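What follows is one chain in structure tokens, specifically the form deposited in one PDB entry.
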């Protein structure tokens, strides 16, 4: 692994630590105290301390808070993408397409860092929602998070650190086979450079697992399918729930996606 490829992996890693408020090391520290949301009583208590200004059904209030975090994460991923060699040199329209299809694959990948089998760290490290509370919400809102917990438990078993995850997220953003891409050839070259660094980095950082790279390629495919199914559930909610309107930035991300 040349000093240049180590520099690329380090640049990506530092751009990850700079652009995302929560990293896996800090998440594990806290998860090892945040306010525990495990029932309706504690949800209301958390709302008054953590999202005071926020009345509708609990399920709808939660859904709105979730939208706020997604808008924030999309903004963070947008600045992170600049660290990827060649991304800023891409056509402005291609940069939008890559981020459009990539953001939620990256969101659910990064969500794993703050999940354990019993729940998830939320609200900038200050809350912890239980997995069972989320399952207790009325349909269809109880169906949103459980497939993400399912993915995260397998993803977390790979025992990646943020030096790996930063490259993985970069690779997700660099997928050349997104619909609507103009300069597909340059994107594939850009993807190839990130994937090449990821492969060498995993060999260096995880010599114990000789299959980690193909394992992560499969997780990228799993995430694409997870996002397809997520978008389908979001469309049902928007259509069936006469009070869960979508933030405009998010509605534009899902527009014409799948």
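Under this definition, the rigid core comprises the largest set of C-alpha atoms superposing within 1.5 Å between the forms. Positions refer to the first chain, counted from 1.
Here the rigid core sets the fit, and in 9 other deposited structures of this protein the C-alphas of 81-89 stray farther than those of the other stretch, out of 81-89 and 123-131. Put simply, when the other structures in 9 other deposited structures of this protein are lined up on the rigid core, the C-alpha atoms of 42-50 lie farther off than those of the other stretch, from 205-213 and 42-50.
Where residue 32 is followed by residue 33 in the displayed chain, the model omits 4 to 9 of the deposited residues that sit between the two.
Unmodelled residues of the deposited sequence between residue 40 and residue 41: none, the chain being continuous. With 141-149 and 74-82 compared on mean CA B-factor from the PDB entry, the stretch scoring higher is 74-82. With 201-209 and 217-225 compared on mean CA B-factor from the PDB entry, the stretch scoring higher is 201-209.
Based on the entry's C-alpha B-factors, the most elevated value among 185, 125, 119, 102 belongs to 185. Within the group 15, 25, 9, 245, the record's highest C-alpha temperature factor is found at 245.
The entry lists a Cα temperature factor for residue 164 that places it in the lowest third of the chain's modelled residues. Compared with the other modelled residues of the chain, the Cα B-factor recorded for residue 136 ranks in the middle third.
Per the PDB record, residue ranking by Cα B-factor puts residue 172 in the lowest third of the chain.
One more form of this protein exists, namely the form deposited with a partner chain bound; it is left out here, but the text below deals with it.
Checked against the partner chain in the entry with it bound, the candidates 163, 78, 156, 183 yield a single residue with a heavy atom inside 4.5 Å, and that residue is 78. Using a 4.5 angstroms threshold between heavy atoms, residue 134 stays clear of the partner chain in the entry with it bound. In the entry with it bound, the partner chain lies farther than 4.5 Å from every heavy atom of residue 116. In the entry with it bound, at least one heavy atom of residue 82 sits within 4.5 Å of a heavy atom of the partner chain. Interface residue remark: residue 87 is counted as part of the site for the partner chain in the entry with it bound, having a heavy atom within 4.5 Å.
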